[PDB]
Every structure is written in C-alpha cells, then in structure tokens.
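J.: Have a look at this one.
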Amino acid sequence: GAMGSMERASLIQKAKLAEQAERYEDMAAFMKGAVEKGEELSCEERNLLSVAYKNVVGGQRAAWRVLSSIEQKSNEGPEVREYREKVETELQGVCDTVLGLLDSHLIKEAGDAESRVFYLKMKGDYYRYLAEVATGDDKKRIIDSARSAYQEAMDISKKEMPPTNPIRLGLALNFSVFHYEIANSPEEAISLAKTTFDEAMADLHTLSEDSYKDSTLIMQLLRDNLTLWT
Amino acid sequence: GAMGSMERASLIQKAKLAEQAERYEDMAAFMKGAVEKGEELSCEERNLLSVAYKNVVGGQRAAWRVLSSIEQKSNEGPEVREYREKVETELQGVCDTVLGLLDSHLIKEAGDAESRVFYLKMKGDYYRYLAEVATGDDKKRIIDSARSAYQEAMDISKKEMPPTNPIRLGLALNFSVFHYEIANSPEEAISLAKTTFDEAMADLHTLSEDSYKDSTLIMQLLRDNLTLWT
Amino acid sequence: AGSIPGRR
Amino acid sequence: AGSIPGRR
C-alpha cells in the first residue's frame, strides 16, 4: 500500500522510533505496512501493532466521549452533532482498518495459541470500541461479534495457557469490561474478574520474579475493577 | 479551501469544541478555514488560532527532538535520519502554513496595536521553530526573519502597550528565548528578561486583581528563565 | 472500569 | 528555557 516500497525491517524499526517519539498515528501506519508484507508477526511485532492502534483509538475514544457529553447536555445548531459524527466516523475507520488486518490475514495464519489468542483479543477489543458508538441498528450484531471473538480467545487460552499468562489475564480483564460496560452483564463481569484473579493467585508460585511482576500487575487491574464494581 | 463550504461561525464553534476534545490538528484546520474567510479576527479568535498551531507544532518539535537525539547518538541504516527528516518536513509545512496565513493577509490588515503585535509575535515564533531545525544554508536568513518580526513587535509594544500587558510580556519572554537558544546571545536574553520583569513589577500597582494575576503569571516565567540562566 | 492500558 | 506554553 502506502508503505509498499519500504522494507519490512525498516517499517518495524520506524514503528519503534515512532513509539519513542509518541507519534502513534505514524506508528500504526508503519505497522499496517509491516502486516501487509504478508509474513506472520513475532511476539514483539504483535505488541507494536497493538500498542500503536490502542493509542490511536484511545485518543479518538476520549475525544468522542468529550463531544458526546457536550451533545447530550445540548439536548436537555448542528455543529456539536456534526463534529461528534466526524470524530465517530474517523474512529470507526480506524477500527475497521484493524479488523481488516486481522481478517486479511493475521488470524487465519495464526496457529500457535499465543498468536491466535492475541489476535482474537484484539478483534474483541475493536468490535467493543465499535459497540461503544453504535446505536441500535447493527449495535446488537457488533456486540455479538465482540462477544464471539472474546469467547473463542477465552476457550483457547483456558486450554493452552497457564492462568498467570499476561495475555490470558488481559483478555479476561477486557472481556470483563465488555460484560460490564457493553453487554449490561455486571454479574458476569464480576464473576469473570474474581475467578480469573483467584486462579492466577494460585499459580503465582510457579513463576520467576520477572514473570511474577508481569502477572501481578494485571491482577491488580482486575482487583481495581472489582473494587469499583462491588 | 477544504473548509470553504462551512460558515465562519461554525468553524469558530468547532475550533472551540476541538480544543475541549484536545484535537489540536482539527482545531488548527478549523481556524485556518476561519482565517481564509478573509475577515479580521477578534481577540478570542486570535487566541484560538495561536493555541491550535502552538499545540500542533509543539508536538512536532518534541518528536523532532527525540529523533534528533537518537540520530546524534547513532552518529558517534538510513531509517533514523529518514524518519527525522519526515517529521522535520511536516513541522516545516505547519510553520509555512501559519506564516502564510499571517502574510495573506492577517498582518497587513492588523491596524490596532493589540492585533499587530500578536501577529508579529506569532511570525517571530514560527520562524524561530523553522530556525530550530535549519542547518547553515538559509539558517541565517531564517534567524534574521525571526529577529525582524520580534523587533517590530517589540517596537510597537513599547510605544502602545503598558509594561504589564500579557502579550507584551509574552513577546518579551519569547524574544528572550530566541536570543538565548537561537541567536547565541545569552547576555541579551538575560538583559531583556530582567528589564521586562522590572518594568512590569513597577506597573503592577495600576492593575485590577484579575489583571494582576494574568501579568504575574508571565512574570514568573521570566523569573524561571533568569534562574536557569544565571 | 479499566481495560489494559496503552504502553509507556 | 521556557517560552509561552500551550493552553490548558
């Protein structure tokens, strides 16, 4: 595409530079170019792809929430709605771009549990971001697409990864947020966070000091949500 | 231009929304569209224009400095230089865009001291940002363009504004930074900051509580620089 | 509710 | 050295 004339290794190097410079739009464009070279991604490369798009869409979501709040207060000229719609359309375009990379062809080529779970978690997340802005029409279908991606990732992670694996933990955290914030299922969110936390606690004894630090950091996020929800 | 079909008042409203959403690139595009309607800008509108572009170019400058530091360490593949050059070219394009708005036709239509000084300070600032990345060729000419804009603004401000006026104070602050960081004239920087601070102090008695707060906030920045430079 | 954050 | 900052 736009990055078709740049070497894969140069795109990866530039994505790392863009991260250091906090240029996340550039980072995402470099990683899109790398994915479109057609080769599978290593663990580090998958993280670069996810970090780039999470930061781009995170800024869009924060702006959408500011504008949606102003619009709701205005509804209690067309400019606030028009501008919220502009940001919303841009956000949807970024989510569709990520989902398109996962569908062409990252997921189908991902055979190891670590890569397949990582990509299915991403698919759940980007459908979840689409669901946050969706209103009634395909809102149900978007929610089901998120749920289905998260569920397949959960099924694989429970069979193939230990309960302390950081991707398994982050998948459970984000699926619990999906249940609480999107699916109107706070009891399912609380149950998932509690079971995930407890099963990780029981497996910490198997870990090195560095892996212990990685796993306990995500467990604290599960605990923080449980404290907010209970 | 790109905003030619949107009403001036709608562009201004959307610039304010973009500021609230921290969408500074959008903010700058809305304000460019407003300027290109051809009418003079009010005080509030001038601030929106300046805030938008200062934030856009501020992020570019921070990224350029990260990349320039990495490149210098690498010089003690072509990717770091190439990416620094990409960011540099984007930064130069934003500066050229602002300078083009000032030249077509904000400055020539600005007859009151408040508007003319504000725009000449901007012209100094954007040439200063071009100078930060310039290397030898027109580096001298860019520096002289910044100096000339700041000097004309200083001459008007000293004749037409009180020593506590916030734009007069910020102009002096930024011209002192120009002397220290660009023109290799630290003694001129220190002298300007000290004289500006002392003449403002002597005029504070004339101010209301709110104007006192505005002026003393900028005076503290002059003092902070003097503390770093001495 | 907090999800996995963006990197540092 | 600090110049005028961007808005809040």
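We name chains A, B, ... following the order of the structure tokens; residues begin at 1 in each chain, and ligands are numbered from 1 as shown.
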Hey, could you make a per-residue contact list for chain C against region 43-48 of chain A with 12 Å as the cut-off, showing the nearest pair of atoms and its distance in Å to one decimal, counting only C-alpha atoms, sorted by chain and number, as JSON lines?
T.:
```
{"residue": "C:6", "atom": "CA", "partner": "A:47", "partner_atom": "CA", "distance": 10.5}
{"residue": "C:7", "atom": "CA", "partner": "A:47", "partner_atom": "CA", "distance": 9.4}
{"residue": "C:8", "atom": "CA", "partner": "A:48", "partner_atom": "CA", "distance": 11.9}
```
J.: Excluding residue 187 (chain A) and residues on its chain fewer than 4 positions from it, collect all residues at most 12 Å away from it, counting only C-alpha atoms, and give them as an MDAnalysis selection string.
T.: chainID A and resid 176:181 183 191:194 226 229:230
J.: Going by DSSP on the backbone, which bits of region 70-164 of chain B are alpha helix (DSSP H)? Write them as an NGL selection string, please.
T.: :B and (70-74 or 79-101 or 107-109 or 113-133 or 139-160)
J.: Which residues are near residue 157 (chain B)? Cut-off 7 Å, only C-alpha atoms, ignore same chain within fewer than 4 positions. Put them as a list in words.
T.: residues 117, 153, 161 and 168 of chain B
J.: Using only C-alpha atoms, select each residue of chain B with any atom at most 12 Å away from an atom of chain D, and give the selection as a VMD selection string.
T.: chain B and resid 19 to 22 24 47 to 59 121 to 122 125 128 to 129 166 to 182 186 189 to 190 193 217 to 230
J.: For CA of residue 124 (chain B) and CA of residue 199 (chain B), quote the distance in Å rounded to one decimal.
T.: 22.5 Å
